[PDB]
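Structure below is coords_9.pdb: PDB, C-alpha atoms (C1' of nucleotides).
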ATOM      1  CA  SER A 428      -4.180  -6.075 -24.151
ATOM      2  CA  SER A 429      -1.587  -3.817 -22.455
ATOM      3  CA  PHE A 430      -4.179  -3.005 -19.739
ATOM      4  CA  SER A 431      -4.024  -5.206 -16.648
ATOM      5  CA  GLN A 432      -7.369  -5.594 -14.879
ATOM      6  CA  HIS A 433      -7.601  -5.957 -11.096
ATOM      7  CA  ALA A 434     -10.905  -7.411  -9.907
ATOM      8  CA  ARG A 435     -11.968  -7.242  -6.271
ATOM      9  CA  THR A 436     -15.410  -7.775  -4.798
ATOM     10  CA  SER A 437     -16.759  -7.964  -1.258
ATOM     11  CA  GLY A 438     -20.452  -7.511  -2.120
ATOM     12  CA  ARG A 439     -22.798  -8.802  -4.824
ATOM     13  CA  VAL A 440     -21.904  -6.481  -7.736
ATOM     14  CA  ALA A 441     -18.619  -6.754  -9.633
ATOM     15  CA  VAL A 442     -17.218  -4.447 -12.305
ATOM     16  CA  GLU A 443     -17.702  -6.659 -15.357
ATOM     17  CA  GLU A 444     -16.165  -4.534 -18.109
ATOM     18  CA  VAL A 445     -14.452  -1.159 -18.518
ATOM     19  CA  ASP A 446     -13.998   0.523 -21.899
ATOM     20  CA  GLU A 447     -10.437   1.672 -22.582
ATOM     21  CA  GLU A 448     -11.638   4.707 -24.575
ATOM     22  CA  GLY A 449     -14.087   5.673 -21.827
ATOM     23  CA  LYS A 450     -17.191   4.999 -23.919
ATOM     24  CA  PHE A 451     -19.003   2.923 -21.293
ATOM     25  CA  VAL A 452     -18.826   1.388 -17.825
ATOM     26  CA  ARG A 453     -20.205  -2.132 -17.373
ATOM     27  CA  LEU A 454     -20.980  -3.786 -14.034
ATOM     28  CA  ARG A 455     -22.319  -7.258 -13.257
ATOM     29  CA  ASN A 456     -24.349  -8.658 -10.361
ATOM     30  CA  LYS A 457     -22.753 -12.100 -10.126
ATOM     31  CA  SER A 458     -24.776 -13.227  -7.089
ATOM     32  CA  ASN A 459     -28.128 -15.007  -7.222
ATOM     33  CA  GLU A 460     -30.103 -12.124  -5.675
ATOM     34  CA  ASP A 461     -31.056  -8.702  -7.000
ATOM     35  CA  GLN A 462     -28.926  -5.810  -5.739
ATOM     36  CA  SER A 463     -30.569  -2.467  -4.987
ATOM     37  CA  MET A 464     -28.153   0.256  -6.114
ATOM     38  CA  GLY A 465     -30.317   3.294  -5.372
ATOM     39  CA  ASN A 466     -28.244   6.510  -5.333
ATOM     40  CA  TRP A 467     -25.003   4.510  -5.550
ATOM     41  CA  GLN A 468     -22.039   6.530  -6.788
ATOM     42  CA  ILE A 469     -19.644   5.674  -9.605
ATOM     43  CA  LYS A 470     -16.290   7.456  -9.402
ATOM     44  CA  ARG A 471     -13.954   7.287 -12.400
ATOM     45  CA  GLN A 472     -10.259   8.129 -12.036
ATOM     46  CA  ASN A 473      -8.107   8.564 -15.152
ATOM     47  CA  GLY A 474      -4.560   8.727 -13.831
ATOM     48  CA  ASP A 475      -4.239  12.271 -12.501
ATOM     49  CA  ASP A 476      -7.368  13.571 -14.251
ATOM     50  CA  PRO A 477     -10.021  15.163 -12.011
ATOM     51  CA  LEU A 478     -12.628  12.763 -10.682
ATOM     52  CA  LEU A 479     -15.851  12.406 -12.658
ATOM     53  CA  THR A 480     -18.783  11.628 -10.363
ATOM     54  CA  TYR A 481     -21.905   9.845 -11.616
ATOM     55  CA  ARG A 482     -24.966   9.447  -9.383
ATOM     56  CA  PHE A 483     -27.806   6.987  -9.944
ATOM     57  CA  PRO A 484     -31.486   7.951  -9.500
ATOM     58  CA  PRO A 485     -32.891   7.727  -5.952
ATOM     59  CA  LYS A 486     -34.468   4.279  -6.507
ATOM     60  CA  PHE A 487     -32.585   1.821  -8.723
ATOM     61  CA  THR A 488     -32.174  -1.949  -8.403
ATOM     62  CA  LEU A 489     -30.248  -4.339 -10.650
ATOM     63  CA  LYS A 490     -31.809  -7.773 -11.041
ATOM     64  CA  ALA A 491     -29.638 -10.817 -10.385
ATOM     65  CA  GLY A 492     -27.606 -11.859 -13.410
ATOM     66  CA  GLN A 493     -28.507  -8.746 -15.402
ATOM     67  CA  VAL A 494     -26.080  -6.284 -16.990
ATOM     68  CA  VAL A 495     -26.350  -2.494 -16.769
ATOM     69  CA  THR A 496     -23.893  -0.494 -18.887
ATOM     70  CA  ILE A 497     -23.309   3.211 -18.247
ATOM     71  CA  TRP A 498     -22.585   4.914 -21.581
ATOM     72  CA  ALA A 499     -21.102   8.362 -22.152
ATOM     73  CA  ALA A 500     -22.450  11.294 -24.157
ATOM     74  CA  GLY A 501     -19.888  10.832 -26.928
ATOM     75  CA  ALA A 502     -20.766   7.145 -27.256
ATOM     76  CA  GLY A 503     -24.177   7.915 -28.747
ATOM     77  CA  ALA A 504     -25.964   5.034 -27.011
ATOM     78  CA  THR A 505     -29.622   5.057 -25.952
ATOM     79  CA  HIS A 506     -30.765   4.580 -22.357
ATOM     80  CA  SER A 507     -33.033   1.599 -21.638
ATOM     81  CA  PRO A 508     -33.517   0.737 -17.959
ATOM     82  CA  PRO A 509     -32.803  -1.480 -16.135
ATOM     83  CA  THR A 510     -30.175  -2.607 -18.658
ATOM     84  CA  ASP A 511     -28.934   0.499 -20.528
ATOM     85  CA  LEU A 512     -28.185   3.998 -19.205
ATOM     86  CA  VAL A 513     -26.395   6.946 -20.840
ATOM     87  CA  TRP A 514     -24.588   9.744 -18.968
ATOM     88  CA  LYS A 515     -25.144  12.761 -21.200
ATOM     89  CA  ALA A 516     -23.611  15.155 -18.655
ATOM     90  CA  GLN A 517     -20.155  13.688 -19.417
ATOM     91  CA  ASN A 518     -18.878  13.467 -22.989
ATOM     92  CA  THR A 519     -16.577  10.531 -22.199
ATOM     93  CA  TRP A 520     -15.378   8.597 -19.158
ATOM     94  CA  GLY A 521     -11.818   9.564 -20.126
ATOM     95  CA  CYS A 522      -8.683   7.747 -21.215
ATOM     96  CA  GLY A 523      -5.268   7.026 -19.761
ATOM     97  CA  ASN A 524      -2.912   4.271 -18.701
ATOM     98  CA  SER A 525      -4.354   4.181 -15.144
ATOM     99  CA  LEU A 526      -8.151   3.959 -15.385
ATOM    100  CA  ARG A 527      -9.851   3.174 -12.071
ATOM    101  CA  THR A 528     -13.608   2.574 -11.851
ATOM    102  CA  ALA A 529     -14.862   2.340  -8.264
ATOM    103  CA  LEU A 530     -18.471   1.542  -7.356
ATOM    104  CA  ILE A 531     -19.578   3.490  -4.270
ATOM    105  CA  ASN A 532     -22.832   2.669  -2.500
ATOM    106  CA  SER A 533     -25.264   5.167  -0.994
ATOM    107  CA  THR A 534     -23.290   5.005   2.281
ATOM    108  CA  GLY A 535     -20.055   6.189   0.652
ATOM    109  CA  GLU A 536     -18.430   2.752   0.888
ATOM    110  CA  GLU A 537     -16.310   1.089  -1.780
ATOM    111  CA  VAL A 538     -17.662  -2.396  -2.492
ATOM    112  CA  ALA A 539     -16.248  -2.991  -5.989
ATOM    113  CA  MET A 540     -13.307  -1.661  -7.972
ATOM    114  CA  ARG A 541     -11.564  -2.458 -11.243
ATOM    115  CA  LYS A 542      -8.355  -0.721 -12.306
ATOM    116  CA  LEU A 543      -6.898  -0.632 -15.821
ATOM    117  CA  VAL A 544      -3.106  -0.291 -15.679
ATOM    118  CA  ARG A 545      -0.884   0.149 -18.739
ATOM    119  CA  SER A 546       2.913  -0.017 -18.650
TER     120      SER A 546
ATOM    121  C1'  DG K   1     -15.996 -13.591  -4.480
ATOM    122  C1'  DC K   2     -12.197 -13.271  -7.336
ATOM    123  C1'  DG K   3      -8.959 -16.353  -9.999
ATOM    124  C1'  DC K   4      -6.086 -20.877 -11.800
ATOM    125  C1'  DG K   5      -3.596 -24.831 -13.009
ATOM    126  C1'  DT K   6      -2.903 -28.831 -12.048
ATOM    127  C1'  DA K   7      -4.908 -32.914 -10.175
ATOM    128  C1'  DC K   8      -8.783 -36.153 -10.890
ATOM    129  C1'  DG K   9     -12.899 -37.845 -14.269
ATOM    130  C1'  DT K  10     -13.800 -39.870 -18.467
ATOM    131  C1'  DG K  11     -12.357 -43.074 -22.300
ATOM    132  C1'  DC K  12     -10.279 -46.441 -24.065
ATOM    133  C1'  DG K  13      -6.787 -50.203 -25.699
ATOM    134  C1'  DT K  14      -4.026 -53.805 -23.137
ATOM    135  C1'  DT K  15      -3.165 -57.556 -20.698
ATOM    136  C1'  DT K  16      -2.649 -60.327 -16.858
ATOM    137  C1'  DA K  17      -3.936 -61.806 -13.186
ATOM    138  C1'  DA K  18      -8.935 -63.040 -11.244
ATOM    139  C1'  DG K  19     -12.146 -66.511 -11.637
ATOM    140  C1'  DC K  20     -13.446 -71.602 -12.844
ATOM    141  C1'  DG K  21     -12.703 -76.249 -13.022
ATOM    142  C1'  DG K  22     -10.362 -80.105 -11.473
ATOM    143  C1'  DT K  23      -6.788 -83.069  -9.210
ATOM    144  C1'  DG K  24      -4.065 -85.546  -4.461
ATOM    145  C1'  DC K  25      -2.975 -85.625  -0.191
ATOM    146  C1'  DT K  26      -1.748 -85.274   4.047
ATOM    147  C1'  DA K  27      -1.764 -81.856   7.855
ATOM    148  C1'  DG K  28      -4.230 -81.472  11.148
ATOM    149  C1'  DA K  29      -8.982 -81.004  13.177
ATOM    150  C1'  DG K  30     -11.758 -84.109  15.726
ATOM    151  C1'  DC K  31     -12.938 -87.915  18.449
ATOM    152  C1'  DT K  32     -12.323 -91.777  21.874
ATOM    153  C1'  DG K  33      -9.847 -94.783  25.972
ATOM    154  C1'  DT K  34      -6.472 -94.030  30.204
ATOM    155  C1'  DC K  35      -5.207 -92.368  34.286
ATOM    156  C1'  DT K  36      -2.625 -89.171  36.967
ATOM    157  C1'  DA K  37      -1.382 -85.224  38.666
ATOM    158  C1'  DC K  38      -4.714 -81.281  40.057
ATOM    159  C1'  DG K  39      -7.687 -79.147  42.642
ATOM    160  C1'  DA K  40     -11.390 -78.581  46.384
ATOM    161  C1'  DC K  41     -12.249 -78.508  51.428
ATOM    162  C1'  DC K  42     -12.249 -78.676  56.026
ATOM    163  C1'  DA K  43      -9.676 -78.088  61.522
ATOM    164  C1'  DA K  44      -5.931 -75.228  63.719
ATOM    165  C1'  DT K  45      -2.406 -71.420  63.447
ATOM    166  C1'  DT K  46      -1.244 -67.289  63.948
ATOM    167  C1'  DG K  47       0.308 -63.644  62.545
ATOM    168  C1'  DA K  48      -0.914 -60.780  58.762
ATOM    169  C1'  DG K  49      -3.068 -57.293  58.650
ATOM    170  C1'  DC K  50      -6.596 -54.193  59.831
ATOM    171  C1'  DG K  51      -8.308 -50.002  62.968
ATOM    172  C1'  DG K  52      -7.826 -45.562  66.084
ATOM    173  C1'  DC K  53      -4.116 -41.899  68.171
ATOM    174  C1'  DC K  54       0.536 -38.478  67.952
ATOM    175  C1'  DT K  55       3.584 -35.991  65.530
ATOM    176  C1'  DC K  56       5.546 -33.002  62.135
ATOM    177  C1'  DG K  57       6.227 -31.727  58.323
ATOM    178  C1'  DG K  58       5.371 -31.516  53.217
ATOM    179  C1'  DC K  59       2.805 -28.571  51.695
ATOM    180  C1'  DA K  60      -0.314 -24.632  51.418
ATOM    181  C1'  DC K  61      -1.221 -19.465  51.855
ATOM    182  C1'  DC K  62       0.047 -14.022  52.184
ATOM    183  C1'  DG K  63       3.446 -10.143  51.355
ATOM    184  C1'  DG K  64       7.052  -7.741  47.794
ATOM    185  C1'  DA K  65      10.900  -7.813  44.933
ATOM    186  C1'  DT K  66      12.772  -9.490  40.199
ATOM    187  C1'  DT K  67      12.754 -10.890  36.166
ATOM    188  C1'  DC K  68      10.064 -11.150  32.674
ATOM    189  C1'  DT K  69       6.907  -9.810  28.970
ATOM    190  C1'  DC K  70       3.933  -6.392  26.404
ATOM    191  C1'  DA K  71       3.595  -1.882  23.949
ATOM    192  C1'  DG K  72       4.835   2.335  21.480
ATOM    193  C1'  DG K  73       7.886   6.118  19.387
ATOM    194  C1'  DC K  74      12.200   7.893  16.230
ATOM    195  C1'  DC K  75      16.243   6.835  13.069
ATOM    196  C1'  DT K  76      18.551   4.307   8.591
ATOM    197  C1'  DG K  77      18.434   1.651   4.748
ATOM    198  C1'  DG K  78      15.716  -0.135   0.739
ATOM    199  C1'  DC K  79      13.576   1.897  -2.654
ATOM    200  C1'  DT K  80      12.728   5.032  -6.349
ATOM    201  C1'  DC K  81      12.771   9.607  -9.651
ATOM    202  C1'  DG K  82      15.601  11.858 -12.695
ATOM    203  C1'  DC K  83      19.813  14.409 -16.070
ATOM    204  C1'  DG K  84      23.438  13.623 -19.115
ATOM    205  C1'  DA K  85      27.053  10.686 -21.133
ATOM    206  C1'  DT K  86      29.694   6.548 -25.049
ATOM    207  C1'  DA K  87      27.732   2.386 -27.984
ATOM    208  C1'  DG K  88      24.811   1.394 -32.183
ATOM    209  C1'  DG K  89      22.507   2.950 -36.927
ATOM    210  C1'  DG K  90      23.670   5.198 -40.724
ATOM    211  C1'  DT K  91      26.448   7.952 -44.247
ATOM    212  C1'  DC K  92      29.908   8.529 -47.388
ATOM    213  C1'  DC K  93      34.395   8.933 -49.526
ATOM    214  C1'  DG K  94      38.745   6.611 -51.022
ATOM    215  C1'  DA K  95      39.797   1.762 -55.342
TER     216       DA K  95
END
Go ahead and express the file in the form of structure tokens.
Amino acid sequence: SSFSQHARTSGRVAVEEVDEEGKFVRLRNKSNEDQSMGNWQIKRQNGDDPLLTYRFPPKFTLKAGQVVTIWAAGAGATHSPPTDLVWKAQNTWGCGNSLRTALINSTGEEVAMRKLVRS
DNA sequence: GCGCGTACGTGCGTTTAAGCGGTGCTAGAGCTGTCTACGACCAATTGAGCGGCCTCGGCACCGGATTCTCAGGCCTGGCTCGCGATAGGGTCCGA
């Protein structure tokens, strides 16, 4: 796939899938309990590109075993909570050989991260 | 909680040794008659050994080096980033 994926998780939510073209960001709650992700921050790093910061609404909770996918403006997807959300303020999550998607909670702590590395 | 890859579960054909039966006997477990060395027990011995005192000394306890260990900072090598060269692809042009 030419993009190595590094998965690390210390909480309940893991970064399930990252789009190489930056169309969407997919996270998974692999525990057996619902995770409240109110005002959690998603920071996307594309190599040396400036950070794109996405902020969730003040009250948001992902049910256990459910999938929420954050789509970009250029993707053309339709938001449908609690499973589908679209970030119209950003045309695309970006591209590059070093794509890093870090999930930041409301306390500014990194609990999940997945990095796409291409030789 | 993330992964994996290799070690164990599942399956199944194979056989080969487990299980079944049946035999003979004699090795040895068991039982009975004898008596003979084995052990108990009591009187005296007596001295073996137990019970309180003197010492002295192995050992304990306090003070301060001495060697040790623990902890933290700066320098050098391992490492890496990067420009420009001679080998390979390819061309022809002789006959």
Q.
Using only C-alpha atoms (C1' of nucleotides) and a cut-off of 10 Å, which residues of chain K sit close to chain A? Please list them as a ChimeraX atom specification.
A. /K:1-3
re CA of residue 462 (chain A) and CA of residue 500 (chain A): distance 26.0 Å
- [ ] For residue 501 (chain A), work out the shell of residues within 6 Å, counting only C-alpha atoms (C1' of nucleotides) and skipping chain neighbours fewer than 2 positions away, then give it as a ChimeraX atom specification.
- [x] /A:499,503,518-519
Q: Counting all atoms listed in the file, write as a ChimeraX atom specification all protein and nucleic acid residues lying at most 7 Å from (-5.9, 4.5, -19.1) in the file's frame.
A: /A:447,473-474,522-526,543-545
May I have the centre and edge lengths, in Å to one decimal, of an axis-aligned box around the listed atoms of region 54-67 of chain K with 8 Å added to every side, as lines of an AutoDock Vina configuration file?
center_x = 5.8
center_y = -23.1
center_z = 52.1
size_x = 30.0
size_y = 46.7
size_z = 47.8
Name the residues in contact with region 527-535 of chain A at a cut-off of 7 Å, using all atoms listed in the file, excluding same-chain residues fewer than 5 positions from it; report them as a compact mmCIF listing (two decimals) with C-alpha atoms, in the frame of the given file.
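Wrote result-v4.txt, looks like this:
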# COMPACT_ATOMS: atom_id res chain seq x y z
CA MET A 464 -28.15 0.26 -6.11
CA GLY A 465 -30.32 3.29 -5.37
CA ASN A 466 -28.24 6.51 -5.33
CA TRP A 467 -25.00 4.51 -5.55
CA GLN A 468 -22.04 6.53 -6.79
CA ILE A 469 -19.64 5.67 -9.60
CA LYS A 470 -16.29 7.46 -9.40
CA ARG A 471 -13.95 7.29 -12.40
CA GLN A 472 -10.26 8.13 -12.04
CA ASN A 473 -8.11 8.56 -15.15
CA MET A 540 -13.31 -1.66 -7.97
CA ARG A 541 -11.56 -2.46 -11.24
CA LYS A 542 -8.36 -0.72 -12.31
CA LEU A 543 -6.90 -0.63 -15.82
Inset, instruction - Output the residue selection produced by the PyMOL selection byres ((chain A and resi 451) around 8) on the file above, formatted as an MDAnalysis selection string. - result: chainID A and resid 445:446 449:450 452:453 496:499 502 520
May I have the selected residues written with C-alpha atoms, as a PDB file, in the frame of the given file?
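Contents of result_0.pdb, as written:
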ATOM      1  CA  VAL A 445     -14.452  -1.159 -18.518  1.00  0.00           C
ATOM      2  CA  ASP A 446     -13.998   0.523 -21.899  1.00  0.00           C
ATOM      3  CA  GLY A 449     -14.087   5.673 -21.827  1.00  0.00           C
ATOM      4  CA  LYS A 450     -17.191   4.999 -23.919  1.00  0.00           C
ATOM      5  CA  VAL A 452     -18.826   1.388 -17.825  1.00  0.00           C
ATOM      6  CA  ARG A 453     -20.205  -2.132 -17.373  1.00  0.00           C
ATOM      7  CA  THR A 496     -23.893  -0.494 -18.887  1.00  0.00           C
ATOM      8  CA  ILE A 497     -23.309   3.211 -18.247  1.00  0.00           C
ATOM      9  CA  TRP A 498     -22.585   4.914 -21.581  1.00  0.00           C
ATOM     10  CA  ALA A 499     -21.102   8.362 -22.152  1.00  0.00           C
ATOM     11  CA  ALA A 502     -20.766   7.145 -27.256  1.00  0.00           C
ATOM     12  CA  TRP A 520     -15.378   8.597 -19.158  1.00  0.00           C
TER      13      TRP A 520
END
Query - Separation of CA of residue 459 (chain A) from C1' of residue 6 (chain K) in Å - result: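 Interatomic distance here is 29.2 Å.
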**Prompt:** CA of residue 444 (chain A) and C1' of residue 5 (chain K) are how many Å apart?
**Reply:**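 About the pair CA of residue 444 (chain A) and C1' of residue 5 (chain K): they are 24.4 Å apart.
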Tell me, as a ChimeraX atom specification, which residues lie within 8 Å of residue 510 (chain A), counting all atoms listed in the file; anything in the same chain fewer than 4 positions away does not count. /A:493-496
Return region 490-509 of chain A, completed with N, CA, C and O atoms, as an mmCIF file, in the frame of the given file.
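The resulting file, part01.cif, is reproduced below:
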data_model
loop_
_atom_site.group_PDB
_atom_site.id
_atom_site.type_symbol
_atom_site.label_atom_id
_atom_site.label_comp_id
_atom_site.auth_asym_id
_atom_site.auth_seq_id
_atom_site.Cartn_x
_atom_site.Cartn_y
_atom_site.Cartn_z
ATOM 1 N N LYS A 490 -31.386 -6.397 -11.239
ATOM 2 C CA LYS A 490 -31.809 -7.773 -11.041
ATOM 3 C C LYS A 490 -30.609 -8.712 -11.111
ATOM 4 O O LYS A 490 -29.596 -8.416 -11.750
ATOM 5 N N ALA A 491 -30.730 -9.853 -10.433
ATOM 6 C CA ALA A 491 -29.638 -10.817 -10.385
ATOM 7 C C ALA A 491 -29.326 -11.347 -11.778
ATOM 8 O O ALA A 491 -30.229 -11.732 -12.527
ATOM 9 N N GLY A 492 -28.041 -11.363 -12.123
ATOM 10 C CA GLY A 492 -27.606 -11.859 -13.410
ATOM 11 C C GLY A 492 -27.779 -10.901 -14.566
ATOM 12 O O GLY A 492 -27.425 -11.256 -15.696
ATOM 13 N N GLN A 493 -28.309 -9.704 -14.330
ATOM 14 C CA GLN A 493 -28.507 -8.746 -15.402
ATOM 15 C C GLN A 493 -27.298 -7.822 -15.523
ATOM 16 O O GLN A 493 -26.471 -7.704 -14.615
ATOM 17 N N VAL A 494 -27.202 -7.156 -16.671
ATOM 18 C CA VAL A 494 -26.080 -6.284 -16.990
ATOM 19 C C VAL A 494 -26.613 -4.882 -17.248
ATOM 20 O O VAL A 494 -27.515 -4.695 -18.073
ATOM 21 N N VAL A 495 -26.054 -3.903 -16.543
ATOM 22 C CA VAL A 495 -26.350 -2.494 -16.769
ATOM 23 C C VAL A 495 -25.052 -1.815 -17.181
ATOM 24 O O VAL A 495 -24.033 -1.940 -16.489
ATOM 25 N N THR A 496 -25.080 -1.116 -18.311
ATOM 26 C CA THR A 496 -23.893 -0.494 -18.887
ATOM 27 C C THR A 496 -24.105 1.014 -18.926
ATOM 28 O O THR A 496 -25.082 1.492 -19.510
ATOM 29 N N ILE A 497 -23.195 1.757 -18.305
ATOM 30 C CA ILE A 497 -23.309 3.211 -18.247
ATOM 31 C C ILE A 497 -22.505 3.818 -19.389
ATOM 32 O O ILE A 497 -21.269 3.806 -19.367
ATOM 33 N N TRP A 498 -23.205 4.368 -20.379
ATOM 34 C CA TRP A 498 -22.585 4.914 -21.581
ATOM 35 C C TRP A 498 -22.380 6.417 -21.444
ATOM 36 O O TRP A 498 -23.080 7.085 -20.677
ATOM 37 N N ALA A 499 -21.415 6.943 -22.196
ATOM 38 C CA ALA A 499 -21.102 8.362 -22.152
ATOM 39 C C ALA A 499 -21.865 9.121 -23.238
ATOM 40 O O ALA A 499 -22.517 8.538 -24.109
ATOM 41 N N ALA A 500 -21.778 10.454 -23.170
ATOM 42 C CA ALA A 500 -22.450 11.294 -24.157
ATOM 43 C C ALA A 500 -21.853 11.110 -25.546
ATOM 44 O O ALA A 500 -22.583 11.056 -26.543
ATOM 45 N N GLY A 501 -20.527 11.015 -25.637
ATOM 46 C CA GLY A 501 -19.888 10.832 -26.928
ATOM 47 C C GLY A 501 -20.057 9.451 -27.520
ATOM 48 O O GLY A 501 -19.752 9.262 -28.703
ATOM 49 N N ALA A 502 -20.530 8.485 -26.729
ATOM 50 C CA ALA A 502 -20.766 7.145 -27.256
ATOM 51 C C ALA A 502 -21.945 7.130 -28.220
ATOM 52 O O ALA A 502 -21.913 6.432 -29.241
ATOM 53 N N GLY A 503 -22.991 7.895 -27.917
ATOM 54 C CA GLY A 503 -24.177 7.915 -28.747
ATOM 55 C C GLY A 503 -25.185 6.826 -28.462
ATOM 56 O O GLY A 503 -26.102 6.629 -29.267
ATOM 57 N N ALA A 504 -25.049 6.112 -27.347
ATOM 58 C CA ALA A 504 -25.964 5.034 -27.011
ATOM 59 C C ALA A 504 -27.293 5.590 -26.500
ATOM 60 O O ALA A 504 -27.432 6.780 -26.206
ATOM 61 N N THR A 505 -28.281 4.703 -26.402
ATOM 62 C CA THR A 505 -29.622 5.057 -25.952
ATOM 63 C C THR A 505 -29.900 4.376 -24.615
ATOM 64 O O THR A 505 -29.621 3.184 -24.452
ATOM 65 N N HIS A 506 -30.441 5.137 -23.664
ATOM 66 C CA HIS A 506 -30.765 4.580 -22.357
ATOM 67 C C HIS A 506 -31.969 3.650 -22.454
ATOM 68 O O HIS A 506 -32.916 3.913 -23.201
ATOM 69 N N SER A 507 -31.924 2.555 -21.698
ATOM 70 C CA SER A 507 -33.033 1.599 -21.638
ATOM 71 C C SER A 507 -32.958 0.849 -20.319
ATOM 72 O O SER A 507 -32.347 -0.222 -20.221
ATOM 73 N N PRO A 508 -33.571 1.388 -19.270
ATOM 74 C CA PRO A 508 -33.517 0.737 -17.959
ATOM 75 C C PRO A 508 -34.271 -0.579 -17.976
ATOM 76 O O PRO A 508 -35.216 -0.755 -18.760
ATOM 77 N N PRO A 509 -33.882 -1.536 -17.124
ATOM 78 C CA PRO A 509 -32.803 -1.480 -16.135
ATOM 79 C C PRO A 509 -31.479 -1.976 -16.700
ATOM 80 O O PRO A 509 -30.575 -2.340 -15.953
#
